[PDB]
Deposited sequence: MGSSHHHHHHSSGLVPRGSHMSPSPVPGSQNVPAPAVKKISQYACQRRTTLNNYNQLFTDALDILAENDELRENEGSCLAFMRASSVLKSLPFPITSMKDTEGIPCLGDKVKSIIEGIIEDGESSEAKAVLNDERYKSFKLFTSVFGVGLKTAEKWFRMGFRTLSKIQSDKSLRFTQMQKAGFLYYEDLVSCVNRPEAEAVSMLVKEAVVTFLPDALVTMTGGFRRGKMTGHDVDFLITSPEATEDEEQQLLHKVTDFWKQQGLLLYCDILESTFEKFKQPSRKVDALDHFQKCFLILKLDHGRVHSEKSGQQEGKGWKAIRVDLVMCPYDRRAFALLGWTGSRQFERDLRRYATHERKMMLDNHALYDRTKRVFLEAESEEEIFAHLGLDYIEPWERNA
């Protein structure tokens, strides 16, 4: 009966009954995000997440009673939306130059918060003027980001994600016959669209060399066919005999690659006959496959509340590699996502219920 403040203790399908409220809270979170007002940003995000799990639309202020993450500021937003069907706060943010520049500049692959801010503070307002500016120097990611801009901003659909899955699975199984290839991210949560297509690769019997070489063989096979538009392969920092290892980087230790793939229309169930698609591939050691899966399934809010619940409710440390129990002073082993949920004392949440 009582709604939990943690996303990992809620079932969130893609059936959002409160889209008008959550859309406005998403804009307010992004406005605080660009301003590096971390706490306020996370408060708007948490409020947007809890409303997504509601099995009914909020139609009055009496409806907001007993729902956690909703304080006086979020309540005043909700109240304003009930009044005329619009959020004057969100509308004011949408028309803001700094907000518009942020959304526009970060929409380029390889441009984040810091580069967007520099460009806005430098007086840039449009992508054409950034691009043609002879004094600016672009990174390799930004160059690909500008080169495939329109394909990359158009969201990957389900028949495209399915065509990419067929391509990824065929290539991996060719070079490693026993490989387990699982599509992760948004598409595993049953989303119909996404910004990219995420995968997790693992093998029960690959040697250390075969395991490290798989992403190199698979990306070289595609480069031979002219299908690899962008490729960044990040070597693993995962040392089995040196666990845990606290990183300055928020990303995990696994060997992974960020790609841009040329996807022929002939593979999807006209124009130039192809589409540039962002594809992420993660290679993990076989014993870590459940933590890697849980970690890469998402959503982002589901993941951060799993960690927050592990810390503050269970005195445990969860990441994409392991589950550490600080009281018992032991790592909790798991060969499935169900086992991780059971170790945390959480009822199992299906991937399509993690859309927090």
Could you please spell out the deposited residue ranges that have no C-alpha entry in the coordinates?
1-37, 307-313
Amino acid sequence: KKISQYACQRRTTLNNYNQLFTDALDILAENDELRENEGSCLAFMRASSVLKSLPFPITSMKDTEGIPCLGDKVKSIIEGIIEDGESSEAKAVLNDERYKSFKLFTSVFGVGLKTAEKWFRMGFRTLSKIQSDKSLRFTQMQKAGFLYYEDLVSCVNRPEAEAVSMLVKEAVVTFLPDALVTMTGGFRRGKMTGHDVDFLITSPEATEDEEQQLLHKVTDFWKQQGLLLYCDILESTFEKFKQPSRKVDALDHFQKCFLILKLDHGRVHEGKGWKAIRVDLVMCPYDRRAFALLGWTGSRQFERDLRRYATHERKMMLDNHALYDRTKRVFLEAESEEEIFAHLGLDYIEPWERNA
From here on, numbers count along this sequence of modelled residues.
Tell me which stretch has the larger mean Cα B-factor in this entry, 131-139 or 172-180.
131-139
Of 297-305 and 36-44, the stretch whose C-alpha atoms average the higher B-factor in the entry
36-44
Looking only at 235, 79, 280, 252, the Cα with the top B-factor belongs to 79
Out of 124, 199, 258, 109, which residue has the highest Cα temperature factor in the PDB record?
124
Using only modelled residues of the chain, where does the Cα B factor of residue 356 rank: lowest third, middle third or highest third?
middle
Among the modelled residues of its chain, does the C-alpha B-factor of residue 75 lie in the lowest, middle or highest third?
highest
For residue 102, the third of its chain by CA B-factor is the middle
What third of its chain's C-alpha B-factors does residue 213 belong to: lowest, middle or highest?
middle
Using the B-factor values recorded in the entry, state whether the Cα atom of residue 284 falls in the lowest, middle or highest third among the modelled residues of its chain.
middle
